[PDB]
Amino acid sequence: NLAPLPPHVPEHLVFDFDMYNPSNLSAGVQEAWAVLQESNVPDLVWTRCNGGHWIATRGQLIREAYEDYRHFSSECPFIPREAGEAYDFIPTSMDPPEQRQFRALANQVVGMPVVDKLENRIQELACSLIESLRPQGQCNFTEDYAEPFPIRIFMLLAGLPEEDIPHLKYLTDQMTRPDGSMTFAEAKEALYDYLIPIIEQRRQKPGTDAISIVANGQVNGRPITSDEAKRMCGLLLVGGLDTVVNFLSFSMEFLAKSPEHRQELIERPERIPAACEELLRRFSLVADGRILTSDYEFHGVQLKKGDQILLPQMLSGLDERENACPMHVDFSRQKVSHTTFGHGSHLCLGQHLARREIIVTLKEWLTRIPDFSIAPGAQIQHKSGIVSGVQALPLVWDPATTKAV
């Protein structure tokens, strides 16, 4: 379903990319998207899918657009429009200077100092899940570790019941990798139905959890409204549940296929941080956009007020102008260039959390299970969307090569 080309779109800039179902998904999600960076694709293209929208293809342009909130607004950050429209998360659907107060608050909940406080638990949980798997010689990494790990840590941070995981996870999924089962607004309303009562309760009888801290916060000298808290937490949930989960699967899928990369980390552990960055560049997985507030000529292309443009954070670090041999993993690149956690005023607040979770997993898994691979005759399927994913990751290993710690 291709929408008729708008009058202002030069036909030579058309390139029908479907962000939800790119062409050679078989090859991998990042490979599927990287087709946008082949020599035959202009820097800025218009696609007819998903109702019609611009896509910037190069790191240079993604960053500029992200810096420029005057022209590129976060008011409608998701494609298709109805989703971007229904989208009312904070601080994500806001521009500076308004955005800045809400951010300062979310920072209170997820920033560095929270991570540092939670460090021991993160380690405790990782060690426990891993040790628990070790003797089996086989898992479903996606259901077995990648979901539980990040998700339990969040449920802990938020002070919410683990029991709610399945329901929540479904709703969060519908948002980033729409199934067709429920529309964005519906999905938004259900999560919101979840949260409302919860917020009500923590406004009355505050705890020490993230939700209590948000429900009772100050923004611009005055108190946050019930709607504002619902809208902040809503975001906290989607980042909590859906980002780290997918990243780990990509990373582990790669590790499973590359013995020499594993060994490298085993023997020269001082490289883990460097490797974490490189993996963040290569298996980048978020693609959102902005809305043109007005008519604006950008790198010689005329954008019309109201036009949406996808600025794939995934793409920057995959761009050959930014990283020589992009599709190659090299733990010792001089410079790892990416915008995995975004760029501009919306830079990921949960970055410190994400990094800490990634580093622990690598260190801890490799410690106990140094040698592993993908299950014979398993065909790994990636999924595309706002947040890209892995459907399932069947791993196998020989117990006898594992190390109890």
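Numbering starts at 1 and follows the sequence shown.
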| query | finding |
| --- | --- |
| Higher-scoring stretch by recorded Cα B factor average, 132-140 or 214-222 | 214-222 |
| Residue stretch of maximal mean CA temperature factor, 306-314 vs 174-182 | 174-182 |
| From 331, 247, 145, 192, residue of greatest CA B-factor | 192 |
| Maximum C-alpha temperature factor, selected from 260, 270, 278, 320 | 270 |
| B-factor third for the C-alpha atom of residue 49 within its chain | middle |
| Cα B factor band for residue 209 (lowest, middle or highest third within the chain) | highest |
| Ranked C-alpha temperature factor of residue 327 among modelled chain residues, by third | middle |
| Modelled-residue ranking by C-alpha temperature factor, third containing residue 381 | highest |
| Chain-relative CA temperature factor third for residue 251 | lowest |
